[PDB]
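The structure is given below, and queries will be raised subsequently.
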Amino acid sequence: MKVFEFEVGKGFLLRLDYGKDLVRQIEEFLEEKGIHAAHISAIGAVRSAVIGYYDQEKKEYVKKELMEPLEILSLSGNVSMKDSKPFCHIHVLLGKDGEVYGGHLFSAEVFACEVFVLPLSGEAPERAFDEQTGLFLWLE
Amino acid sequence: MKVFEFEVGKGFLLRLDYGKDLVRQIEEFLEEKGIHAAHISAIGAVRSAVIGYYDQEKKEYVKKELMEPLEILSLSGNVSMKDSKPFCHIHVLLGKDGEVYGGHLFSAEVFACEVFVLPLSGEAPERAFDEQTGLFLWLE
Amino acid sequence: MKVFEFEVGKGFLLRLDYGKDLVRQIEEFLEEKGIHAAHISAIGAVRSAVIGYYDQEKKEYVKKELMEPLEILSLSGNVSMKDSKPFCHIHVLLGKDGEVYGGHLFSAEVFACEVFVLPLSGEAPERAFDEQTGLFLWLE
Ligand SMILES: [Zn+2]
Ligand SMILES: [Zn+2]
Ligand SMILES: [Zn+2]
């Protein structure tokens, strides 16, 4: 098991811009503050999105397009280093009433989004290709 | 994009009272401690609830009543200032097995609820009417 | 209402081992570090899992087995003391696309899992049998 230790100090609440990508805005914020490791959470609504699941056998993602407004029922994830820059790994649950979709988040157009960011001060984990899963998991 | 910066220090785990409203109990706690900004998370189960989704075009909420015991599969949100008092904005996923419902949380009767409250020390965001969404979003 | 106060300081991001139980790995980590109270969060995917819901009348859990790879759409919980050792209480949402399952988490074989652990420094809550719900809730 890989263990990454950190200290917490700052906290951020963000109001994302309407009509822009959710993931892209967070990453822009991260770059601006120089945050390389963090825990992410959010709620709100999106105008559309692109999610997907990971085929654990073929070792590839399978995405789904959703071109309908949905509530961000749940949004959670983390920040780490990939290709020399802060990289967001986020999972979500979008929908309304009994209509629920979930998976790895690729993109989402924001309607109204409030994001909580908890930066983690310490060695930022780096994502490297992992043979076993076919994903880019933390190494050191 | 609006950015609100804070420092973290305290942490709270609460055991809510059976038969009382989930949102109301948290709000009472916040008033007592004078918490104006925070991140919220909870798990447990409820005896009933009122959730809803936001029609992004008509600009109004559409609620759903659930008068059946449900598990709190996911509860996340934040605290901010609205009408000069701590205001909770929470989204949830309630249900059992494959029966899942989700949305903006209005009310929930508690069965057993464990809440994690992470107060945020800094300028609390205030909610003001936003023309674009018809929602009450953070101004400053 | 019961209130447990804490101070936050450290933060941990863990990369769980493939093919091992999710809950057990976190618990081994908590024991090694001596964490008696904390907030938990995670995302990733599992190869199989066992969840369930609580019948609030009969006062007993009803389990559900899932022997199919699933994405961890949402994983949230807390750590506390039970039987004199760190005990995890976790709720999850597993699935893909519109196939979503949710409930109290009993076990899950890890495919790839990134866990965020926020230890809470203070008097750790202890779980004791509660007549009203039939669950083991926090006392003091
Ligand atoms: Zn993922
Ligand atoms: Zn909402
Ligand atoms: Zn539970």
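In what follows, chains are A, B, ... by sequence order, proteins preceding strands, each numbered from 1. Only this structure's heavy atoms are used, side chains among them; waters, hydrogens and symmetry mates stay out. Just so you know, ligand 1 is whichever comes first in the structure, and atom 1 is the first atom listed for that ligand.
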At a cut-off of 2.8 Å, what protein N/O/S atoms sit near the Zn ion (ligand 1)? A:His89 NE2, A:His91 NE2, A:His104 ND1

Under 3.5 Å, is there a donor on one side chain and an acceptor on the other for B:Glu114 and C:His89? yes

For A:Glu68, is there an ion pair with A:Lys96 - N to carboxylate O distance below 4.0 angstrom? yes

Quick test of your reading of the model: are A:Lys59 and A:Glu131 salt-bridged, counting only N-O distances below 4.0 Å? yes

For B:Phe136 and B:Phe87: C-alpha separation, side-chain torsions, deciding distance, then whether ring pair (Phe, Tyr, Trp, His ring centres under 6.0 Å) applies. CA-CA 11 Å; B:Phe136 282 85; B:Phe87 177 75; 8.6 Å; no

NZ of B:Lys20: more than 12 outside heavy atoms within 6.0 angstrom? no

Is the distance between the ring centroids of C:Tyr61 and C:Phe106 less than 6.0 Å? yes

